[PDB]
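Student: experimental structure and sequence below.
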Amino acid sequence: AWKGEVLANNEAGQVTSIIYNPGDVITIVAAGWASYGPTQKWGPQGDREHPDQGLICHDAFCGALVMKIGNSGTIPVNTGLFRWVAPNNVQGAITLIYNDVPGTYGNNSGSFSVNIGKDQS
Ligand SMILES: OC[C@H]1O[C@H](O[C@H]2[C@@H](O)[C@@H](CO)O[C@@H](O[C@H]3[C@H](O)[C@@H](O)[C@H](O)O[C@@H]3CO)[C@@H]2O)[C@H](O)[C@@H](O)[C@H]1O
Ligand SMILES: [Ca+2]
């Protein structure tokens with residue numbers, strides 16, 4: 001089980017110690033406040049009013065928490081996942097990422113605190 005911080009201005013994202021293996025069931029809970037530029041801050045679901053200007057994850061709002069499992073595309077996490085199972089052939093290290101447009105991460109601020117564990121399976 002892993003606990004750590006995911007900085008909004010961390011473009012490469014935060015690698016975790018969780019390796020998702022076939023058949024794993026995982027639960028994630030994310031909390032906190034971040035911004036992708038403005039003086040306002042948003043939670044892990046991001047800013048529901050803001051258009052997509054080339055986000056790393058087109059399936060979540062700008063300012064939301066997303067992840068990659070190994071070589072995968074981005075997958076929405078938002079506030080978290082309850083006893084979640086990945087698609088077939090998705091496996092590897094979980095990297096947690098703040099959803100912004102590539103190259104726009106420098107004006108970001110705040111972070112989300114995140115817990116990940118593996119469930120019974
Ligand atoms: O989308 C990710 C980026 O969001 C922020 O950039 C925004 C900022 O530059 C504002 C300035 O007010 O403009 C935003 O785009 C506007 C556009 O200027 C308008 O013509 C249009 O009507 O609306 C859009 C959306 O509000 C722009 O999105 C951050 O500053 C960047 O770092 C990125 O994270
Ligand atoms: Ca930004």
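Tutor: Yes, it's here. Residues are numbered from 1 along each chain as shown. Ligands and ions are numbered 1, 2, ... in the order given.

Student: okay, now residue 58: neighbour count?
Tutor: 11 (other C-beta atoms under 10 Å). Quick note: C-beta positions are derived from backbone N, CA and C, even for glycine.

Student: for it, helix, strand, or coil?
Tutor: coil (DSSP: H, G, I helix; E, B strand; the rest coil).

Student: got a list of what it touches?
Tutor: residue 52 (C-beta atoms under 8 Å, 6 or more residues apart in numbering).

Student: please repeat the previous calculation with a cut-off of 10 Å.
Tutor: Contacts here follow C-beta atoms under 10 Å, 6 or more residues apart in numbering; on that basis residue 58 touches 52, 73-74, 76, 99.

Student: now residue 7
Tutor: 13-14, 34, 98, 105, 108-112.

Student: how about the strands in the chain?
Tutor: Along the chain, counting by DSSP state E, strands occupy 2-7, 14-20, 26-35, 65-69, 75-76, 80-84, 92-98, 109-118.

Student: pick the most deeply packed of those strands.
Tutor: strand 65-69 (a mean of 24; mean count of other C-beta atoms under 10 Å).

Student: that older thread, please list only the buried members of the contacts of residue 58.
Tutor: Applying 16 or more other C-beta atoms under 10 Å to the contacts of residue 58, the neighbour count classes 74, 76, 99 as buried.

Student: export those as CSV, with columns for distance to ligand 1.
Tutor: Formatted as CSV, the buried ones among the contacts of residue 58 follow (distance: C-beta to the nearest ligand atom, whole Å):
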residue, distance to ligand 1
74, 15
76, 17
99, 9
